[PDB]
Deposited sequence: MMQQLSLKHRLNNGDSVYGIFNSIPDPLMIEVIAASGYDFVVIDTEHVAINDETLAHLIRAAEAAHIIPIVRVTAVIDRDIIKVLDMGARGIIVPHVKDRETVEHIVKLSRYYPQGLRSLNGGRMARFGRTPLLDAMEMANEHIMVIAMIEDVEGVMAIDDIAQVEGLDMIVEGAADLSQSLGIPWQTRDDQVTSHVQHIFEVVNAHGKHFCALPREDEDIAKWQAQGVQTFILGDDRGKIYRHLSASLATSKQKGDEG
């Protein structure tokens, strides 16, 4: 299937990573490494639409679920990105119910939305059944409106954006601050109460256990670019010390 919704329906825990190096070989390396899904990032990333389409094919061929984080311009991106075969979309900076309802309208065929049309009904039904509609909650407005957001029919999942939330709170990068963690904990509790999925971005491995015990199944473990830099820089420094004795 390559359906995230299907994986979650079995009781599985699933692990992903952000892709911010828009190269199909990176998608294949991530798949080879054992990830269940990859979030191809298009918000910040310099990435051509035809490149994005290539990355989704790479994901499909490599048997990893392609999830896409789109830009703010959902009236342009969502139709294109779903027609390319993204199995899920993440919309950044979701702040209110009206935006979530619009995302659903754009993402789902009748009767669940009005996704543009471009057996037919069976294919539409299957699309609606398996697509993941995911909202980033990463500013104070979104945390405050979480109860109204979480109850929108068709919204499947919320992902915590602690970094941008910290800046929204006037404490950028203080993601360990009780303010940030209490807001994230609140987001989870409300999401969970409305029978929706929460996606954690655990800082450290131990945080996975802490979340898992409360019933979280979905985990994004950082981003490729960050992990690669940290590994290559550490590895090289160690090499240069060992070489000089």
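Engineer: Mind pulling out the bits of the deposited sequence that never got modelled, as residue ranges from 1?
Structural biologist: Comparing the full sequence with the modelled residues, the uncovered ranges come out as 1-3, 122-131, 259.
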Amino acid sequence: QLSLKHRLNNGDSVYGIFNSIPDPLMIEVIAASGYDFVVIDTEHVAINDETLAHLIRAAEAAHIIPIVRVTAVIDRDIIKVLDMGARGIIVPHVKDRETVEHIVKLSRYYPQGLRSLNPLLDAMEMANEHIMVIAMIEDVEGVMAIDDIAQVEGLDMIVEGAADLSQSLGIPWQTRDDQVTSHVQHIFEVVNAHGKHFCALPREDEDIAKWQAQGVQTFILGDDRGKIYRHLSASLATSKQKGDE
From here on, numbers count along this sequence of modelled residues.
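Engineer: Test of understanding: from the entry's C-alpha B-factors, which stretch has the higher mean, 88-96 or 146-154?
Structural biologist: In the deposited entry, the stretch with the higher C-alpha B-factor mean is 146-154.
Engineer: For the C-alpha atoms alone, is the average B factor greater in 170-178 or in 133-141, going by the entry?
Structural biologist: If you average the C-alpha B-factors of 133-141 and of 170-178, the larger mean comes out for 170-178.
Engineer: For the C-alpha B-factor as written in the entry, point me to the maximum among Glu28, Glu204, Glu43, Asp36.
Structural biologist: Of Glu28, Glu204, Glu43, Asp36, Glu204 has the highest C-alpha B-factor.
Engineer: Using only the C-alpha B-factors in the record, can you name which of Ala53, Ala32, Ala200, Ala213 has the highest?
Structural biologist: Each of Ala53, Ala32, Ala200, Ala213 was compared by C-alpha B-factor; the highest is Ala213.
Engineer: Should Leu82 be placed in the lowest, middle or highest third of its chain by the C-alpha B factor in the entry?
Structural biologist: Answer is lowest: the recorded C-alpha B-factor places it there.
Engineer: Once the chain's modelled residues are ordered by C-alpha B factor and cut into thirds, is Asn9 in the lowest, middle or highest one?
Structural biologist: For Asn9, the deposited C-alpha B-factor lands in the highest third.
Engineer: What third of the chain, by the recorded C-alpha B-factor, contains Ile64?
Structural biologist: According to the entry, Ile64 has a C-alpha B-factor in the chain's lowest third.
Engineer: For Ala209, return the chain-relative third of its C-alpha B-factor as stated in the PDB record: lowest, middle or highest.
Structural biologist: It belongs to the highest third of the chain when residues are ordered by C-alpha B-factor.
Engineer: Give the position of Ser116 by CA B-factor within its chain, expressed as the lowest, middle or highest third.
Structural biologist: Answer is middle: the recorded C-alpha B-factor places it there.
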